[PDB]
Amino acid sequence: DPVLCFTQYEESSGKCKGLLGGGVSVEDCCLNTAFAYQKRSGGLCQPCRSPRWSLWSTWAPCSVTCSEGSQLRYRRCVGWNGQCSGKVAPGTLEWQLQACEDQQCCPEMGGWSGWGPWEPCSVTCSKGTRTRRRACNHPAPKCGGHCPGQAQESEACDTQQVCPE
Amino acid sequence: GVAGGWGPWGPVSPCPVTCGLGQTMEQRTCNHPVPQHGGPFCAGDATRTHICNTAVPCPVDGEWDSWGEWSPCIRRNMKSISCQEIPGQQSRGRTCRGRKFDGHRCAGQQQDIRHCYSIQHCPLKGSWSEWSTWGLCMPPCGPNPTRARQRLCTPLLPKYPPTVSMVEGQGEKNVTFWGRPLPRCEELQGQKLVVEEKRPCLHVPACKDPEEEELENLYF
Ligand SMILES: *[C@@H]1O[C@H](CO[C@H]2O[C@@H](C)[C@@H](O)[C@@H](O)[C@@H]2O)[C@@H](O[C@@H]2O[C@H](CO)[C@@H](O)[C@H](O)[C@H]2NC(C)=O)[C@H](O)[C@H]1NC(C)=O
Ligand SMILES: *[C@@H]1O[C@@H](C)[C@@H](O)[C@@H](O[C@@H]2O[C@H](CO)[C@@H](O)[C@H](O)[C@H]2O)[C@@H]1O
Ligand SMILES: *[C@@H]1O[C@@H](C)[C@@H](O)[C@@H](O[C@@H]2O[C@H](CO)[C@@H](O)[C@H](O)[C@H]2O)[C@@H]1O
Ligand SMILES: *[C@@H]1O[C@@H](C)[C@@H](O)[C@@H](O[C@@H]2O[C@H](CO)[C@@H](O)[C@H](O)[C@H]2O)[C@@H]1O
Ligand SMILES: *[C@H]1O[C@H](CO)[C@@H](O)[C@H](O)[C@@H]1O
Ligand SMILES: *[C@H]1O[C@H](CO)[C@@H](O)[C@H](O)[C@@H]1O
Ligand SMILES: *[C@H]1O[C@H](CO)[C@@H](O)[C@H](O)[C@@H]1O
Ligand SMILES: *[C@H]1O[C@H](CO)[C@@H](O)[C@H](O)[C@@H]1O
Ligand SMILES: *[C@H]1O[C@H](CO)[C@@H](O)[C@H](O)[C@@H]1O
Ligand SMILES: *[C@H]1O[C@H](CO)[C@@H](O)[C@H](O)[C@@H]1O
Ligand SMILES: *[C@H]1O[C@H](CO)[C@@H](O)[C@H](O)[C@@H]1O
Ligand SMILES: *[C@H]1O[C@H](CO)[C@@H](O)[C@H](O)[C@@H]1O
Ligand SMILES: *[C@H]1O[C@H](CO)[C@@H](O)[C@H](O)[C@@H]1O
Ligand SMILES: *[C@H]1O[C@H](CO)[C@@H](O)[C@H](O)[C@@H]1O
Ligand SMILES: *[C@H]1O[C@H](CO)[C@@H](O)[C@H](O)[C@@H]1O
Ligand SMILES: *[C@H]1O[C@H](CO)[C@@H](O)[C@H](O)[C@@H]1O
């Protein structure tokens, strides 16, 4: 079965670099153990050396940003015609799951308090703005929480007074 | 406007590699009908490549295997030397795995030997160590992974000379302990050897292909 043959294998990247050609069987391409092959070009680049386990990748991000989570890292057996340690076929993946913690607390949103009384109208003649503010401390937020909505309603008011001409 | 044309192909380069696959190429020039005034130009390519196949494999050098297990600690002409001040010698072996096709042989010593004291199955006084670091989540990609840390009965090694002169070898060689002793310790939570506690791991992520997982999060 033909396969694309590459002249160099870049470790820690899992990529075939330096294309030589296709239409050549896997046996001929892997006569030099420093080569690598990729079938159908979709992926699955594999070195020609004896199968040996690759390196543990960096930890995947913690499954949740809150309290205790779980994160994974993979390791693939790379090689041709052979088995890794443990009677494992080339292309198989091993995993290690680990508990992680980004931060201790997590945002518990607070509740709105009683409304502050209506502030006086922003102007003494014609029409103005009537502001109404409250606070977000019933209860108070922790970590990174915030109250839903806004903390200052604003309406209009008519003073029913004419300005001097 | 004078049409460009190709000349003769140059000599093909010899197969540069002495093993496996290589590559050859030929070099021709557009010097036979040279294009004039820039009207037309010679078409095609000025360099064709071919793959030269040599059936001989390539020398793959031998890489050392991981160390085997330490041999039992024995003294010559004394049979068992357990739980006694008797210096033995234990060996450890490697395997030059992978040397093929005139590859360079493995460099070093395939046999490691150290002087030892035997402590196999000896009853000793013990003491409970502190809580170990929380282990991994196991089984990964399995039903309900569970972490686990453990306190255990740490044996108290007998105060024997760690530095002994060997009469046969005329050397002052170090001695280390080897074996599985049977430690004695007051019961802690109803266990005489190792008491552990398990906690389930939270928000377990599914195990998918590193490429497939990458394409899945990107696509949402
Ligand atoms: C045990 O001894 C080593 C060195 O001596 C011996 O090593 C044995 C494995 C064996 O092969 C034997 O034939 C050989 O003589 C000590 O290593 C030394 O440690 C000190 C401090 O740790 C360093 O400063 C030295 O550089 C280092 N090497 C030498 C050559 O002295 C080792 O520490 C010792 N272990 C104990 C627990 O005492
Ligand atoms: C990661 O970062 C944290 C700061 C949070 O914003 C996380 O979002 C979620 O927030 C709610 C609180 O409303 C918690 O119940 C969730 O546990 C948490 O996932 C975010 O994922
Ligand atoms: C309150 O009383 C009213 C009767 C006005 O006298 C106001 O002053 C007027 O305010 C507008 C803008 O606020 C200005 O254009 C006028 O110049 C000023 O007379 C007062 O604030
Ligand atoms: C020619 O003879 C062979 C028997 C090998 O000894 C060859 O060595 C190999 O040369 C190629 C490059 O030409 C390298 O890819 C290999 O790493 C090397 O083993 C020698 O050239
Ligand atoms: C991952 O695990 C250890 C290091 O943590 C080594 O055996 C090796 O680097 C592997 O890739
Ligand atoms: C996870 O573990 C450590 C950092 O916590 C490093 O080895 C690396 O960043 C890995 O992703
Ligand atoms: C304040 O605003 C409304 C109630 O007025 C709710 O979204 C919630 O109780 C918030 O604390
Ligand atoms: C203030 O506004 C109304 C009452 O006017 C209610 O949503 C609530 O009592 C709030 O504190
Ligand atoms: C403003 O509006 C009325 C009085 O106009 C009352 O509900 C309260 O004083 C509020 O602050
Ligand atoms: C040179 O190359 C090929 C013939 O080898 C043609 O495309 C054409 O004759 C060009 O001049
Ligand atoms: C080079 O290649 C072939 C001979 O192999 C011919 O088409 C022609 O001689 C060209 O110059
Ligand atoms: C055996 O000795 C150590 C590990 O104990 C390493 O140098 C290496 O793994 C070797 O095979
Ligand atoms: C010999 O020494 C210890 C066991 O006592 C381990 O490091 C290992 O099994 C080695 O082969
Ligand atoms: C076992 O180990 C020591 C005594 O040997 C103490 O830490 C405790 O009694 C524990 O049960
Ligand atoms: C384990 O538990 C706590 C720390 O988690 C301490 O009492 C001590 O380190 C024990 O070994
Ligand atoms: C496991 O849990 C935390 C770290 O996640 C620490 O208390 C300690 O390292 C323990 O072994």
# chains A, B, ... in the order shown; residues from 1 in each chain; ligands from 1

$ residues_around --residues "residue 49 in chain A" --least-positions-apart "2" --cutoff "12 Å" --atoms "only C-alpha atoms" --output "PyMOL selection string"
(chain A and resi 8-9+29-37+46-47+51-53+77-84+90) or (chain B and resi 58-63+98-100)

$ interface_residues --of "chain B" --to "chain A" --cutoff "6 Å" --atoms "only C-alpha atoms" --output "list in words"
residues 20, 57, 58, 136, 137, 140, 202, 203 and 204 of chain B

$ residues_near_ligand --ligand "ligand 13" --cutoff "9 Å" --atoms "only C-alpha atoms and all ligand atoms" --output "list in words"
residues 67, 68, 69, 70, 71, 92, 177, 178, 179 and 180 of chain B

$ residues_around --residues "residue 64 in chain B" --least-positions-apart "5" --cutoff "7 Å" --atoms "only C-alpha atoms" --output "ChimeraX atom specification"
/B:94-97,106

$ residues_around --residues "residue 155 in chain A" --least-positions-apart "2" --cutoff "8 Å" --atoms "only C-alpha atoms" --output "PDB file with N, CA, C and O atoms, in the first residue's frame"
ATOM      1  N   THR A 129     -34.135  65.189  35.024  1.00  0.00           N
ATOM      2  CA  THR A 129     -33.893  63.763  35.220  1.00  0.00           C
ATOM      3  C   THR A 129     -33.949  63.432  36.705  1.00  0.00           C
ATOM      4  O   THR A 129     -33.330  64.120  37.521  1.00  0.00           O
ATOM      5  N   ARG A 130     -34.682  62.372  37.047  1.00  0.00           N
ATOM      6  CA  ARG A 130     -34.870  61.935  38.428  1.00  0.00           C
ATOM      7  C   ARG A 130     -34.166  60.593  38.605  1.00  0.00           C
ATOM      8  O   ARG A 130     -34.618  59.574  38.073  1.00  0.00           O
ATOM      9  N   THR A 131     -33.067  60.594  39.354  1.00  0.00           N
ATOM     10  CA  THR A 131     -32.235  59.414  39.536  1.00  0.00           C
ATOM     11  C   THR A 131     -32.606  58.689  40.826  1.00  0.00           C
ATOM     12  O   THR A 131     -33.048  59.302  41.801  1.00  0.00           O
ATOM     13  N   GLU A 153     -31.582  53.505  38.610  1.00  0.00           N
ATOM     14  CA  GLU A 153     -32.659  53.829  37.687  1.00  0.00           C
ATOM     15  C   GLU A 153     -32.748  55.338  37.501  1.00  0.00           C
ATOM     16  O   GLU A 153     -32.514  56.115  38.431  1.00  0.00           O
ATOM     17  N   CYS A 157     -38.700  64.037  35.073  1.00  0.00           N
ATOM     18  CA  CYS A 157     -39.553  64.784  35.985  1.00  0.00           C
ATOM     19  C   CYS A 157     -39.932  66.121  35.362  1.00  0.00           C
ATOM     20  O   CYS A 157     -39.129  66.732  34.651  1.00  0.00           O
TER      21      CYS A 157
END

$ closest_atom_pairs --of "chain B" --to "ligand 1" --cutoff "6 Å" --atoms "only C-alpha atoms and all ligand atoms" --output "Markdown table"
| residue | atom | partner | partner_atom_place_in_ligand_line | distance |
| --- | --- | --- | --- | --- |
| B:114 | CA | ligand 1 | 10 (C) | 5.4 |
| B:173 | CA | ligand 1 | 15 (O) | 4.2 |
| B:174 | CA | ligand 1 | 1 (C) | 4.7 |

$ select_by_dssp --residues "range 6-219 of chain B" --states "alpha helix (DSSP H)" --output "VMD selection string"
chain B and resid 210 to 219

$ residues_near_ligand --ligand "ligand 5" --cutoff "7 Å" --atoms "only C-alpha atoms and all ligand atoms" --output "PyMOL selection string"
chain A and resi 54-56+75

$ select_by_dssp --residues "range 6-200 of chain B" --states "strand (DSSP E)" --output "PyMOL selection string"
chain B and resi 24-27+47-50+63-64+88-93+96-97+111-118+123-128+146-155+163-166+171-178+182-184+194-200

$ residues_near_ligand --ligand "ligand 2" --cutoff "7 Å" --atoms "only C-alpha atoms and all ligand atoms" --output "mmCIF file with N, CA and C atoms, in the first residue's frame"
data_model
loop_
_atom_site.group_PDB
_atom_site.id
_atom_site.type_symbol
_atom_site.label_atom_id
_atom_site.label_comp_id
_atom_site.auth_asym_id
_atom_site.auth_seq_id
_atom_site.Cartn_x
_atom_site.Cartn_y
_atom_site.Cartn_z
ATOM 1 N N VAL A 64 -13.080 22.991 34.968
ATOM 2 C CA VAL A 64 -13.831 24.131 35.480
ATOM 3 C C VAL A 64 -12.864 25.092 36.159
ATOM 4 N N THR A 65 -13.172 26.384 36.064
ATOM 5 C CA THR A 65 -12.400 27.443 36.699
ATOM 6 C C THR A 65 -12.657 27.553 38.194
ATOM 7 N N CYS A 66 -13.537 26.722 38.743
ATOM 8 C CA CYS A 66 -14.008 26.854 40.114
ATOM 9 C C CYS A 66 -13.632 25.635 40.944
ATOM 10 N N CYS A 106 -15.379 31.235 44.463
ATOM 11 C CA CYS A 106 -15.878 31.497 43.122
ATOM 12 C C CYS A 106 -17.058 32.449 43.215
ATOM 13 N N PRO A 107 -17.290 33.279 42.177
ATOM 14 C CA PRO A 107 -18.260 34.377 42.302
ATOM 15 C C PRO A 107 -19.666 33.945 42.686
ATOM 16 N N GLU A 108 -20.049 34.260 43.921
ATOM 17 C CA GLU A 108 -21.425 34.136 44.384
ATOM 18 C C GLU A 108 -22.051 35.523 44.307
ATOM 19 N N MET A 109 -22.986 35.703 43.376
ATOM 20 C CA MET A 109 -23.564 37.020 43.151
ATOM 21 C C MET A 109 -24.379 37.469 44.358
ATOM 22 N N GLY A 144 -15.733 37.186 42.821
ATOM 23 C CA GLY A 144 -15.886 38.015 41.640
ATOM 24 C C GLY A 144 -17.325 38.254 41.227
#

$ residues_near_ligand --ligand "ligand 15" --cutoff "12 Å" --atoms "only C-alpha atoms and all ligand atoms" --output "ChimeraX atom specification"
/B:128-134,149-152,195-197

$ closest_atom_pairs --of "chain B" --to "ligand 11" --cutoff "10 Å" --atoms "only C-alpha atoms and all ligand atoms" --output "tab-separated table"
residue	atom	partner	partner_atom_place_in_ligand_line	distance
B:6	CA	ligand 11	11 (O)	6.9
B:7	CA	ligand 11	11 (O)	5.6
B:8	CA	ligand 11	11 (O)	3.6
B:9	CA	ligand 11	11 (O)	4.0
B:10	CA	ligand 11	1 (C)	7.4
B:11	CA	ligand 11	1 (C)	9.4
B:12	CA	ligand 11	5 (O)	9.4
B:26	CA	ligand 11	1 (C)	8.4
B:27	CA	ligand 11	1 (C)	9.0
B:28	CA	ligand 11	11 (O)	7.0
B:29	CA	ligand 11	11 (O)	9.1
B:46	CA	ligand 11	1 (C)	9.9
B:48	CA	ligand 11	2 (O)	9.2

$ residues_near_ligand --ligand "ligand 7" --cutoff "12 Å" --atoms "only C-alpha atoms and all ligand atoms" --output "ChimeraX atom specification"
/A:108-115,134-141,145-153

$ write_last_selection --atoms "N, CA, C and O atoms" --output "mmCIF file, in the first residue's frame"
data_model
loop_
_atom_site.group_PDB
_atom_site.id
_atom_site.type_symbol
_atom_site.label_atom_id
_atom_site.label_comp_id
_atom_site.auth_asym_id
_atom_site.auth_seq_id
_atom_site.Cartn_x
_atom_site.Cartn_y
_atom_site.Cartn_z
ATOM 1 N N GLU A 108 -20.049 34.260 43.921
ATOM 2 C CA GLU A 108 -21.425 34.136 44.384
ATOM 3 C C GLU A 108 -22.051 35.523 44.307
ATOM 4 O O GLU A 108 -21.682 36.420 45.073
ATOM 5 N N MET A 109 -22.986 35.703 43.376
ATOM 6 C CA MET A 109 -23.564 37.020 43.151
ATOM 7 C C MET A 109 -24.379 37.469 44.358
ATOM 8 O O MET A 109 -25.041 36.665 45.020
ATOM 9 N N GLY A 110 -24.317 38.773 44.647
ATOM 10 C CA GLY A 110 -25.087 39.341 45.732
ATOM 11 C C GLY A 110 -26.481 39.764 45.298
ATOM 12 O O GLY A 110 -26.816 39.788 44.116
ATOM 13 N N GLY A 111 -27.302 40.103 46.288
ATOM 14 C CA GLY A 111 -28.666 40.541 46.057
ATOM 15 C C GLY A 111 -28.805 42.036 46.276
ATOM 16 O O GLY A 111 -28.047 42.637 47.040
ATOM 17 N N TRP A 112 -29.752 42.659 45.545
ATOM 18 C CA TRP A 112 -30.028 44.096 45.691
ATOM 19 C C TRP A 112 -30.696 44.398 47.036
ATOM 20 O O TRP A 112 -31.448 43.584 47.578
ATOM 21 N N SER A 113 -30.414 45.593 47.573
ATOM 22 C CA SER A 113 -30.954 46.062 48.838
ATOM 23 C C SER A 113 -32.201 46.908 48.585
ATOM 24 O O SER A 113 -32.676 47.043 47.451
ATOM 25 N N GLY A 114 -32.739 47.476 49.661
ATOM 26 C CA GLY A 114 -33.876 48.367 49.513
ATOM 27 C C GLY A 114 -33.504 49.609 48.722
ATOM 28 O O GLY A 114 -32.440 50.197 48.922
ATOM 29 N N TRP A 115 -34.483 50.094 47.943
ATOM 30 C CA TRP A 115 -34.269 51.268 47.107
ATOM 31 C C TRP A 115 -34.002 52.532 47.866
ATOM 32 O O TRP A 115 -34.630 52.806 48.896
ATOM 33 N N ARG A 134 -29.394 52.421 44.325
ATOM 34 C CA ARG A 134 -29.381 51.429 45.391
ATOM 35 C C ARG A 134 -27.971 50.863 45.505
ATOM 36 O O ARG A 134 -27.038 51.320 44.836
ATOM 37 N N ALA A 135 -27.815 49.856 46.361
ATOM 38 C CA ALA A 135 -26.522 49.239 46.610
ATOM 39 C C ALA A 135 -26.623 47.730 46.438
ATOM 40 O O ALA A 135 -27.703 47.141 46.530
ATOM 41 N N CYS A 136 -25.473 47.111 46.187
ATOM 42 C CA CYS A 136 -25.362 45.665 46.025
ATOM 43 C C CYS A 136 -24.646 45.084 47.242
ATOM 44 O O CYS A 136 -23.499 44.638 47.172
ATOM 45 N N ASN A 137 -25.344 45.100 48.382
ATOM 46 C CA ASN A 137 -24.768 44.619 49.635
ATOM 47 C C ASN A 137 -25.844 43.984 50.511
ATOM 48 O O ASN A 137 -25.848 44.153 51.735
ATOM 49 N N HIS A 138 -26.769 43.243 49.896
ATOM 50 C CA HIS A 138 -27.818 42.534 50.632
ATOM 51 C C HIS A 138 -28.175 41.253 49.888
ATOM 52 O O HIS A 138 -29.232 41.152 49.255
ATOM 53 N N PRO A 139 -27.301 40.232 49.949
ATOM 54 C CA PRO A 139 -25.997 40.230 50.624
ATOM 55 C C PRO A 139 -24.875 40.773 49.738
ATOM 56 O O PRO A 139 -25.105 41.059 48.564
ATOM 57 N N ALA A 140 -23.673 40.912 50.302
ATOM 58 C CA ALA A 140 -22.538 41.418 49.549
ATOM 59 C C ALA A 140 -21.923 40.312 48.689
ATOM 60 O O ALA A 140 -21.908 39.144 49.086
ATOM 61 N N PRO A 141 -21.418 40.654 47.506
ATOM 62 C CA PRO A 141 -20.803 39.640 46.644
ATOM 63 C C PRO A 141 -19.413 39.254 47.124
ATOM 64 O O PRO A 141 -18.692 40.045 47.737
ATOM 65 N N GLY A 145 -18.249 38.144 42.181
ATOM 66 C CA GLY A 145 -19.655 38.256 41.863
ATOM 67 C C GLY A 145 -20.127 39.690 41.697
ATOM 68 O O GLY A 145 -19.515 40.644 42.178
ATOM 69 N N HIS A 146 -21.249 39.831 40.993
ATOM 70 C CA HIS A 146 -21.880 41.124 40.768
ATOM 71 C C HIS A 146 -23.392 40.950 40.805
ATOM 72 O O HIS A 146 -23.915 39.851 40.609
ATOM 73 N N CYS A 147 -24.091 42.053 41.053
ATOM 74 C CA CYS A 147 -25.546 41.991 41.092
ATOM 75 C C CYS A 147 -26.117 42.017 39.674
ATOM 76 O O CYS A 147 -25.576 42.697 38.798
ATOM 77 N N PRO A 148 -27.204 41.284 39.421
ATOM 78 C CA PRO A 148 -27.822 41.304 38.086
ATOM 79 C C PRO A 148 -28.599 42.596 37.868
ATOM 80 O O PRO A 148 -29.375 43.023 38.726
ATOM 81 N N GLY A 149 -28.388 43.212 36.714
ATOM 82 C CA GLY A 149 -29.026 44.470 36.387
ATOM 83 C C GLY A 149 -28.130 45.665 36.647
ATOM 84 O O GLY A 149 -26.900 45.580 36.645
ATOM 85 N N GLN A 150 -28.776 46.804 36.882
ATOM 86 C CA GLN A 150 -28.087 48.052 37.169
ATOM 87 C C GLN A 150 -28.436 48.542 38.568
ATOM 88 O O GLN A 150 -29.400 48.086 39.191
ATOM 89 N N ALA A 151 -27.638 49.493 39.055
ATOM 90 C CA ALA A 151 -27.760 50.006 40.412
ATOM 91 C C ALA A 151 -28.331 51.418 40.469
ATOM 92 O O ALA A 151 -28.396 52.003 41.556
ATOM 93 N N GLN A 152 -28.748 51.983 39.334
ATOM 94 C CA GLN A 152 -29.262 53.353 39.316
ATOM 95 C C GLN A 152 -30.310 53.469 38.212
ATOM 96 O O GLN A 152 -29.967 53.524 37.028
ATOM 97 N N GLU A 153 -31.582 53.505 38.610
ATOM 98 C CA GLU A 153 -32.659 53.829 37.687
ATOM 99 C C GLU A 153 -32.748 55.338 37.501
ATOM 100 O O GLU A 153 -32.514 56.115 38.431
#

$ residues_near_ligand --ligand "ligand 3" --cutoff "7 Å" --atoms "only C-alpha atoms and all ligand atoms" --output "PDB file with N, CA, C and O atoms, in the first residue's frame"
ATOM      1  N   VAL A 123     -33.143  69.614  37.525  1.00  0.00           N
ATOM      2  CA  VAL A 123     -33.310  71.002  37.118  1.00  0.00           C
ATOM      3  C   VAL A 123     -34.524  71.575  37.838  1.00  0.00           C
ATOM      4  O   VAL A 123     -35.378  70.845  38.345  1.00  0.00           O
ATOM      5  N   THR A 124     -34.562  72.909  38.059  1.00  0.00           N
ATOM      6  CA  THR A 124     -35.670  73.661  38.645  1.00  0.00           C
ATOM      7  C   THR A 124     -36.687  74.231  37.637  1.00  0.00           C
ATOM      8  O   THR A 124     -37.709  74.761  38.075  1.00  0.00           O
ATOM      9  N   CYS A 125     -36.457  74.166  36.316  1.00  0.00           N
ATOM     10  CA  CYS A 125     -37.393  74.703  35.339  1.00  0.00           C
ATOM     11  C   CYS A 125     -37.528  73.724  34.179  1.00  0.00           C
ATOM     12  O   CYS A 125     -36.586  72.999  33.848  1.00  0.00           O
ATOM     13  N   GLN A 161     -42.484  74.525  36.003  1.00  0.00           N
ATOM     14  CA  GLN A 161     -42.000  75.885  36.187  1.00  0.00           C
ATOM     15  C   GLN A 161     -41.327  76.358  34.907  1.00  0.00           C
ATOM     16  O   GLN A 161     -40.578  75.605  34.277  1.00  0.00           O
ATOM     17  N   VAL A 162     -41.599  77.604  34.523  1.00  0.00           N
ATOM     18  CA  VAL A 162     -41.040  78.190  33.311  1.00  0.00           C
ATOM     19  C   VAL A 162     -39.689  78.812  33.636  1.00  0.00           C
ATOM     20  O   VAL A 162     -39.481  79.352  34.729  1.00  0.00           O
ATOM     21  N   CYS A 163     -38.750  78.712  32.686  1.00  0.00           N
ATOM     22  CA  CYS A 163     -37.485  79.393  32.902  1.00  0.00           C
ATOM     23  C   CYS A 163     -37.575  80.842  32.433  1.00  0.00           C
ATOM     24  O   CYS A 163     -38.371  81.164  31.544  1.00  0.00           O
ATOM     25  N   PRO A 164     -36.776  81.739  33.030  1.00  0.00           N
ATOM     26  CA  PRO A 164     -36.844  83.161  32.658  1.00  0.00           C
ATOM     27  C   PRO A 164     -36.633  83.417  31.173  1.00  0.00           C
ATOM     28  O   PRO A 164     -35.507  83.662  30.729  1.00  0.00           O
TER      29      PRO A 164
END

$ closest_residue --among "B:110, B:53, B:47, B:13" --to "ligand 12" --atoms "only C-alpha atoms and all ligand atoms"
B:110

$ closest_residue --among "B:102, B:93, B:14, B:214" --to "residue 56 in chain B" --atoms "only C-alpha atoms"
B:102

$ decode --residues "range 56-116 of chain A" --atoms "C-alpha atoms" --output "PDB file, in the first residue's frame"
ATOM      1  CA  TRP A  56       3.461  13.668  28.116  1.00  0.00           C
ATOM      2  CA  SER A  57       1.750  16.766  26.683  1.00  0.00           C
ATOM      3  CA  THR A  58       1.043  19.864  28.728  1.00  0.00           C
ATOM      4  CA  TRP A  59      -1.955  19.585  31.010  1.00  0.00           C
ATOM      5  CA  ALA A  60      -5.252  20.420  29.379  1.00  0.00           C
ATOM      6  CA  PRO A  61      -6.977  23.405  31.027  1.00  0.00           C
ATOM      7  CA  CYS A  62      -8.881  22.518  34.179  1.00  0.00           C
ATOM      8  CA  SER A  63     -12.387  21.329  33.314  1.00  0.00           C
ATOM      9  CA  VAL A  64     -13.831  24.131  35.480  1.00  0.00           C
ATOM     10  CA  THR A  65     -12.400  27.443  36.699  1.00  0.00           C
ATOM     11  CA  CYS A  66     -14.008  26.854  40.114  1.00  0.00           C
ATOM     12  CA  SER A  67     -12.923  24.887  43.199  1.00  0.00           C
ATOM     13  CA  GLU A  68     -11.730  21.358  42.257  1.00  0.00           C
ATOM     14  CA  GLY A  69     -11.669  20.150  38.653  1.00  0.00           C
ATOM     15  CA  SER A  70      -9.937  17.587  36.457  1.00  0.00           C
ATOM     16  CA  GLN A  71      -7.366  17.863  33.663  1.00  0.00           C
ATOM     17  CA  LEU A  72      -5.843  15.398  31.203  1.00  0.00           C
ATOM     18  CA  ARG A  73      -2.606  14.883  29.301  1.00  0.00           C
ATOM     19  CA  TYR A  74      -1.922  12.399  26.509  1.00  0.00           C
ATOM     20  CA  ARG A  75       0.965  10.264  25.264  1.00  0.00           C
ATOM     21  CA  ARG A  76       0.932   8.444  21.918  1.00  0.00           C
ATOM     22  CA  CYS A  77       3.063   5.454  20.897  1.00  0.00           C
ATOM     23  CA  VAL A  78       4.973   6.548  17.766  1.00  0.00           C
ATOM     24  CA  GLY A  79       6.822   4.082  15.556  1.00  0.00           C
ATOM     25  CA  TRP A  80       6.548   1.484  12.823  1.00  0.00           C
ATOM     26  CA  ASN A  81       6.435  -2.323  13.023  1.00  0.00           C
ATOM     27  CA  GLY A  82       6.730  -2.933  16.753  1.00  0.00           C
ATOM     28  CA  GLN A  83       5.150  -2.526  20.160  1.00  0.00           C
ATOM     29  CA  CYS A  84       5.663   0.035  22.903  1.00  0.00           C
ATOM     30  CA  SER A  85       6.101  -0.972  26.539  1.00  0.00           C
ATOM     31  CA  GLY A  86       3.104  -3.059  27.565  1.00  0.00           C
ATOM     32  CA  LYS A  87       2.163  -4.904  24.322  1.00  0.00           C
ATOM     33  CA  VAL A  88       0.740  -1.680  22.863  1.00  0.00           C
ATOM     34  CA  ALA A  89       0.158  -1.062  19.172  1.00  0.00           C
ATOM     35  CA  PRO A  90       1.437   2.092  17.427  1.00  0.00           C
ATOM     36  CA  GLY A  91      -1.152   4.869  17.461  1.00  0.00           C
ATOM     37  CA  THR A  92      -2.678   4.107  20.877  1.00  0.00           C
ATOM     38  CA  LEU A  93      -3.051   6.808  23.534  1.00  0.00           C
ATOM     39  CA  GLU A  94      -2.484   6.723  27.295  1.00  0.00           C
ATOM     40  CA  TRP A  95      -4.017   9.282  29.634  1.00  0.00           C
ATOM     41  CA  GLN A  96      -3.406  10.643  33.121  1.00  0.00           C
ATOM     42  CA  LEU A  97      -6.244  12.449  34.898  1.00  0.00           C
ATOM     43  CA  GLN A  98      -5.349  14.883  37.689  1.00  0.00           C
ATOM     44  CA  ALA A  99      -7.268  17.152  40.056  1.00  0.00           C
ATOM     45  CA  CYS A 100      -6.671  20.877  39.564  1.00  0.00           C
ATOM     46  CA  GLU A 101      -7.681  24.097  41.308  1.00  0.00           C
ATOM     47  CA  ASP A 102      -7.572  27.482  39.578  1.00  0.00           C
ATOM     48  CA  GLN A 103      -8.910  29.471  42.554  1.00  0.00           C
ATOM     49  CA  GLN A 104     -10.444  28.840  45.988  1.00  0.00           C
ATOM     50  CA  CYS A 105     -13.677  30.855  46.140  1.00  0.00           C
ATOM     51  CA  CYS A 106     -15.878  31.497  43.122  1.00  0.00           C
ATOM     52  CA  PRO A 107     -18.260  34.377  42.302  1.00  0.00           C
ATOM     53  CA  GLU A 108     -21.425  34.136  44.384  1.00  0.00           C
ATOM     54  CA  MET A 109     -23.564  37.020  43.151  1.00  0.00           C
ATOM     55  CA  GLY A 110     -25.087  39.341  45.732  1.00  0.00           C
ATOM     56  CA  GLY A 111     -28.666  40.541  46.057  1.00  0.00           C
ATOM     57  CA  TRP A 112     -30.028  44.096  45.691  1.00  0.00           C
ATOM     58  CA  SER A 113     -30.954  46.062  48.838  1.00  0.00           C
ATOM     59  CA  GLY A 114     -33.876  48.367  49.513  1.00  0.00           C
ATOM     60  CA  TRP A 115     -34.269  51.268  47.107  1.00  0.00           C
ATOM     61  CA  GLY A 116     -32.793  54.545  47.983  1.00  0.00           C
TER      62      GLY A 116
END
